[PDB]
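Accompanying notes for the structure given below.
The letters A, B, C, D, E, F, G, H, I, J, K, L, M and N name the chains in turn, as written, and every chain counts its residues from 1.
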Amino acid sequence: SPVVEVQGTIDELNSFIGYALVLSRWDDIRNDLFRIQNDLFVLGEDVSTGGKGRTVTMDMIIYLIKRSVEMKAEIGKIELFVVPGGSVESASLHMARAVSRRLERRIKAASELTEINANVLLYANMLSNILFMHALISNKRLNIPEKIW
Amino acid sequence: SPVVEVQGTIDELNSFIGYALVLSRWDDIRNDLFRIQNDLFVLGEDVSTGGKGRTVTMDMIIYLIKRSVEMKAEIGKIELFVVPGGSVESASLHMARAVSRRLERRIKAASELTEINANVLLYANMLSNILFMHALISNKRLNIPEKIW
Amino acid sequence: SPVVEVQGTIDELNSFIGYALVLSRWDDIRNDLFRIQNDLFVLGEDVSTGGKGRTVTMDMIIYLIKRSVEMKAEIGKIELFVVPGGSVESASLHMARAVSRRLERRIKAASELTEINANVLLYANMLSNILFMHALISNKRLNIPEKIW
Amino acid sequence: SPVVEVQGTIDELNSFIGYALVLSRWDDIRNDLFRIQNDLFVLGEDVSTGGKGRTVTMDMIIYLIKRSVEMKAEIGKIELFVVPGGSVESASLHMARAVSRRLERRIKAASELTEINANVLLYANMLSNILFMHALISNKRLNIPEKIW
Amino acid sequence: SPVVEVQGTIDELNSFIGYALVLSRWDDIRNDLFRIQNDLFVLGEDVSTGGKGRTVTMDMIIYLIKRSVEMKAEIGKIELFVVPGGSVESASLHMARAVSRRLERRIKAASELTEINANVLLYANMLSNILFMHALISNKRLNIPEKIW
Amino acid sequence: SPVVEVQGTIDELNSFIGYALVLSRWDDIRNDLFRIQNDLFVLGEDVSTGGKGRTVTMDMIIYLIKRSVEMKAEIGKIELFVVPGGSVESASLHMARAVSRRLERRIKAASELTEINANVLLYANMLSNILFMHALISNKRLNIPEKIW
Amino acid sequence: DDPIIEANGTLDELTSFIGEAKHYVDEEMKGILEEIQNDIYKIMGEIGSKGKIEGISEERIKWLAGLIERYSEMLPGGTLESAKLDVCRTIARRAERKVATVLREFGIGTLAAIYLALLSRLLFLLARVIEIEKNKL
Amino acid sequence: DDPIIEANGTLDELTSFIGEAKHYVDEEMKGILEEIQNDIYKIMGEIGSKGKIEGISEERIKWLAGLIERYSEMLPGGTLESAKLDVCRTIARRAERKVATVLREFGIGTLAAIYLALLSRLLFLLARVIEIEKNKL
Amino acid sequence: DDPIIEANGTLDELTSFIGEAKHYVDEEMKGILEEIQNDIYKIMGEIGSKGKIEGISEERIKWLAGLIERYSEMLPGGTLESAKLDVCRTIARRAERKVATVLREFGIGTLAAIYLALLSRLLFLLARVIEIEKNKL
Amino acid sequence: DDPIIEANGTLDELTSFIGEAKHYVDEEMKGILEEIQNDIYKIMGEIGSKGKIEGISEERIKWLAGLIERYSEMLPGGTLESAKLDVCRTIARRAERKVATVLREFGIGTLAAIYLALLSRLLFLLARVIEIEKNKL
Amino acid sequence: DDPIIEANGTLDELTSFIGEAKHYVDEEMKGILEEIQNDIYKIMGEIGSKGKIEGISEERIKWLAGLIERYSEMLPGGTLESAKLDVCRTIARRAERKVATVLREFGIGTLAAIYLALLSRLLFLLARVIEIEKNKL
Amino acid sequence: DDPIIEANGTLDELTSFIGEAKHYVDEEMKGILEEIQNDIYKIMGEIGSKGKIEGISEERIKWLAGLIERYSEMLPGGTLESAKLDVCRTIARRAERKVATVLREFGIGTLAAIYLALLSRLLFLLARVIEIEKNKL
Amino acid sequence: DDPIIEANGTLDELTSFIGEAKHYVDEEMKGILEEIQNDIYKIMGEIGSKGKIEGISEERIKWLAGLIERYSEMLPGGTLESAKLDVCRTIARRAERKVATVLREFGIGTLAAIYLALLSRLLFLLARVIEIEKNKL
Amino acid sequence: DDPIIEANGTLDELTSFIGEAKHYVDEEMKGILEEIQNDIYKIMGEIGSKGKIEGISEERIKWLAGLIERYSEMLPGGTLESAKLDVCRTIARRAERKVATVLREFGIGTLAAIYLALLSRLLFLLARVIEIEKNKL
């Protein structure tokens, strides 16, 4: 069950994204979460097919980077060690961020046993990073301060 | 920790079921989720005891099949590749569906290392299938269309 | 990725705690969940640093025991085999309890491959136990009876 | 070089067939040798492609059997242990028969290391048998007696 | 018997060349076959001596290429899949071509177990290619059409 | 297939002998080739039966030596490195000589894996040597000079 | 590939024996047996195909359960007819295992397995029903 | 556990085929065949139970020998009846091996093995006896 | 020795089922079926003997092909007779594999394999022919 | 089973040494020491039982902490009495490790471990307290 | 050599603790304890010597049994004296195991083992007897 | 440590070749090339440091994408200038792989990888742009 | 796949350096260098394609030999132009090895290897020829 | 033999790039660069020869140190000339490693290694010196 565990975390993460989506009160966030849900299906074919099929692209990954930067700009300085939480909106994403870093781990494991495209892991990491932006902004627009450890 | 990981996913999945239950607005769904929560305890003894104790039956599994069919009938055609989500009701179940397919994976792994009854995995798969029905119907009764990839 | 998987479950569990927190309607519970979220960061350094850094203490663990007892007193007799659920408050914690016992499992696995302080696992177990108290009390103050299997 | 050695004996045997052909003075023999030369190309694809491509059939093999019988009838009793030789016609085929039984050997070896269709070996054996018929008849029509050991 | 099998195929191939030579009716062909017979002795020292002795050169190999081109020009288009045969002249060379590709195989095998000069295999491949030219031309000058599979 | 490959080279070599025989124009040569063809059948039983059956003798081998000497006398000095060829008669034997040294190789290989009588290899080597005498004499009686490398 | 081959081949055996057995029963039981020869086809189609081809429906298995429920209300071979279906029951049981051996090995054929296990319990019922029907006479 | 499963399952096959075959013989041969369906039961009871449950008696096997002795005095399938019992003989032979495979593997089922081997030689006799009885007519 | 045992034993099964089946066909098909019971004998004789004993002829297999050619011109079990031969076809198929498993393992039984594969395609034809013959009526 | 044996046996040592030590302290410290001999019993009961038997309560450990808190406010062996409890402290420390060796090995005895570690810090306190009490005089 | 070293060293511990304990008992129990310090000597003499040196007698062990029988008629440490012998009992128990670990490893020290096991049950009796004797007062 | 060494060393090569190439372009392309020599510095700083040192920003990579977008609107080496940047492109490609080999091996350098891959596609664009600019003249 | 990647990537380097070098030579040498950039393309096309795609012709290599023959009649870098082609020669040499490493590993790229080896000897000649041509002046 | 091949081949690269670079410097720096092309020759002569051939002198390395000392008194590529020598510096660095990889593997090339390491620090100095000389203008 090499890539099997990988797929099953994609399906797992995917469901979490669509929960945080249905909770978010902001359109740019919901849009984002949805593009991702889709790109997860792609990511999941890239791995299931060994790349023979539809493939994760650079623009896919580029898009994610374009958005993180745009949000880093709204936030500003990110002090390190953010206790996850704040609102239901922000909390739900920290949950999804987590499963995303789990996903990363599961991709790491598979590569060392079966061929995987790099873009798969590159997208996977940018996604975790960007879910962190989401939680943050959410509390920001709700005027909710993060606690720092 | 052969079956240990298995048990711990049962307890994990079980908690998720009882979250989606407390969110559902429909009685046949909540009933179902509860029968399952119970059958998970059985399933969890079958594995902990090597089958010596209470055991998963055919009727247990038959019951699940009886319900899926009854709901496939209400839905109709299920186009493939459903982006998980739609409502909080439907979303919460996609989460539980996911942990269910994870559970399957964890049972697969154990069998190849310690004896497990088939009914354990057979029930485990039908449960994932049926949680998919639930999410669907939920959006249906809420008049919420699924997005397809 | 020895302790890596461990860290990633800490971050995973941590996010869940801060979801159940934001749902709880009681101050002693929310306080508790927060002390923990913090102690998880400590726990996560103890493991990342091999103990060289900040370390889990006895008082940290003692504190958890002090609270469980105080709540066992309010509840009373705990019949065994509680079907998880009842309220959203109680349900969310059963979810977090679960990931906590998963965490335990993940610490078990690491110790047999890299040095870990005992206090790490001792804290980890008391945390699962105490999350069970939380769910319980929650239903109690909501006047919601647990179902027993 | 699993099937590689196999292919290279096909090409090897094939060249030998077309030498014995150009020496034979009889039309049914030359026809036969040619059908074979062709079927060797098929046989060589069946193996190179793992069967995905053109495949050795039953009729291919049936055809060979049809011809052996028809010639066994002309010859009659075949005393065992025929010293190869007699004429250039008959000699050249004993050479090709030999490489055919070598081929068999080389197919035997490959099967135990990579998947091969049975028809490949079944055809391969009937071919050796039939090349023996050829040598025989050749001396017969030339009125040349075989020496027996 | 690492290179031993290699030497023994050189001696084997060499004898075949001198058979096809004594059959050829054309001077450029016979010359060629003879240069080769000689270069096989060189090739056979290069391998027996580990290269310490006489060595296969580039001009040796260059010479072979010079001749193939000159003959490709006389032939023209070479449709693929030529059933070996046509004349005794052309047939005898297809036999020698075959043992040449066998030789290649035998050199491949040795390299992975004992040091061999590349020029050995490079010469060995060009020789198989060029023996194919010979067979072809032979039928051409005899006005004999090749059969294609 | 220990001795199997061995047998199959005996059958292979045997066919070649009977080709060179049918080409030779001299009676002592043809006689010789025939005694051998027979002794190959013996040699082939010695190996197939583990020696239990008919066995290669000393006189068998002695006979071969008696003949080589008688021919070394007719030839005289044998300069080393004879390019094989000269006539069809001499060429055909160089082919058979080659398969004989191949046979030797194949016997070498078997002994190290299954019991073989020495006389088997002793006969096998003398046969290669004597086939070299044949080629030589053939060109001699045809007044054809060998080329030396 | 062996477990697949066994599976299907053993399935071929089963459906053949039904095809013989269906000649000794009433029109009603024939029309059932002929329905099962079909679902076994869809079963072997899924299996030969290693999963690519869709197999049997969930609706197929509810159908079985319905039948089981239907007949339970009313030594092998009290009759030759009885013996036939009981013979079919033992084949079913082995197909049921040889298909189980497919699943644990790959992770294909879950409904099939279930379908087959209900089926052998049905075969049992049928045999015992004609036993009843002729003994009631 | 596999050799046990095979064993019994294969035994289930055997006793089912007898149950079909017993419909084509006289009352006498039926009453024998029905006796054997019983001892096969006790056989599978011992075997399924891995030895805990008592199997067949020694007295059972003397009984067989008695029968063998009794019939020896007087291409498969000279009749359809003959073919039936001969078919049963081949099954017996395989059950006999699959039970032998149980014994060498554990050390259970000695009488069973013996019982089964005498039995296939008896099946042989019976088939050939009806062949005789109908050919004597 | 196992693959040999399986092979022959499984062959014993096949020829027994034919011997039952030959009772439901015309004299012509009986006389064919009885011919095959013979060649299967020669088949098991070769195989039990691990090759020492001569098996079936090439002429035997041309004979089969002739039959295949002869019948091709004109759900298992449209009739009980049809079902019989179709049942025999599935057995043939498994014998065909169990004999294939003998060859790859040793290098014995090439004609046999071929003989058996043509045979299952013939069994198929026969079953479908009586289906035709009774449906033509 | 070794780590269990060590664990309990080493626990037997500890509770025995307390039982000697409790003879040199005031009624108050005796009544504590006698309470601990009990919880150590429940400890060995859990452990010998590999987890089946319930061990000590969480309430037991809060009790300890309470004591630790209570005494912290006010070379081994300033007195023979002091030496006794300090001797008990070293035993405690080794029991604490031998029980830790049980947990990592199985996953039994979490509260126990905790109970024992608080306990050695308490033993320390007690020894130093009588040191204080006699030196205050 | 390790199990030997442990064994004897652990035996050295035991006999030392008796030598302390013998100071708190009546002349009668002292004279017993001093007898055992002797047999433990002969025990360590056998063991250090890996068997070459003769150990304790069978008569020694009957003597023990006699004592066990003698005292059985009439929380560790009801007294300090009681605690002493109970402490000695736990040591005995560990010596008893460390000597058992010697035997399984080599095949030396059978009587010793037996001698030691009876002895810990005797130590138990003694402790409980003074408990009785002072409580009877 | 090898993959790190390769990585950085190969990066040293790349930035050196740019430093040569920047002498053949307009001020605008020079000022870009000099910016990249910087980000490559931050890249090697992260990498040499195995991750401890912070590398390049996400804002750096958006910047690249912006450039890619900017130039896409308007045989290596149509000019010597063109050849320069194309040479730099091949180096980039190998640095891109040698850094990829770092990541799979440890799990360091994700942005870097991305930064470098966009960069080689940019180098490509630049070379082709001057090709255009001089050919437009 | 690594040896392929190296091969082509290293080939990319080579053809890039030629593309720079072709700017310093006469029209004649440029037109040669541009021809080789082509054959290197066909080389990388064969190689990237692992053999599926046809590579360079034999006629291509005769062409080279012709050139070698043509120039042989008339410290790196007597001129900057000379240095260029000599630099290209060292790259050629490494491509020649990295392609050799492809062949021994798979058995692809025989003509390529040959093509490349003649080519580095040609590069050598060219460099030395301009050295001659400018020194002749 | 691989580490040798790399070593020398990579050395061939280095001396070629110098030969290009020596065209952009004053007569003085040219005459140095041409001296080093020599010592690199003696370096590759030693190395290709696996040690049999004598390499460079100790006097050669003092010479380098002298130069280092001489120039230290007064982003790659402030000039194209600067970039050249800096490019040569990165090559030097890799040759320095590929020769280090030779030594640890065999135990050949100690002075070489040293010679090369001083050399890359010199290349650095030179590049920065012309940077100074043109910026001083």
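List of remarks:
The rule we apply is simple: a residue touches a chain if its C-beta (ideal position, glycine included) is under 8 Å from a C-beta of that chain, and two chains touch if they have at least 3 such contacts.
Common neighbours of subunit B and subunit L (chains touching each): A. Between subunit C and subunit N, the least number of touch steps comes to 3.
Matching CA atoms, the turn from subunit A to subunit B amounts to 120°, rounded to the nearest 5. Between the interfaces B-G and L-M, more contacting C-beta pairs are found at L-M. Centroid to centroid, with C-alpha atoms defining each point, subunit D and subunit N lie 67 Å apart. Rounded to whole angstrom units, the spacing between the C-alpha centres of subunit E and subunit F is 25. Between subunit D and subunit J the centroid-to-centroid distance comes to 90 Å (mean Cα coordinates, whole Å). The set of subunit I residues touching two or more other chains is empty.
Residues of subunit A in contact with two or more other chains: 108.
Pairwise, the chains that touch each other are A-B, A-C, A-L, B-C, B-G, C-J, D-E, D-F, D-I, E-F, E-M, G-H, G-I, H-I, J-K, L-M, L-N, M-N. Considering their complex, residues 75-77, 79-80, 82-84, 86-87, 89-91, 93-94, 97 of subunit K touch subunit J. Those residues of subunit L that touch subunit N in the complex are listed here as 5, 9, 12-13, 15-20, 22-23, 34, 37-38. Of all residues in subunit G, only 58-59, 61-62, 65, 100, 103-104, 107, 110, 113-114, 117-118 touch subunit B in the complex they form. Only residues 1, 4-5, 8, 11-12, 14-19, 21-23, 34, 37-38, 41 of subunit A touch subunit B when the two sit together in their complex.
Within the complex, the subunit C residues that touch subunit J are 58, 61-62, 65-66, 68-69, 72, 108, 111, 118, 121-122, 125-126.
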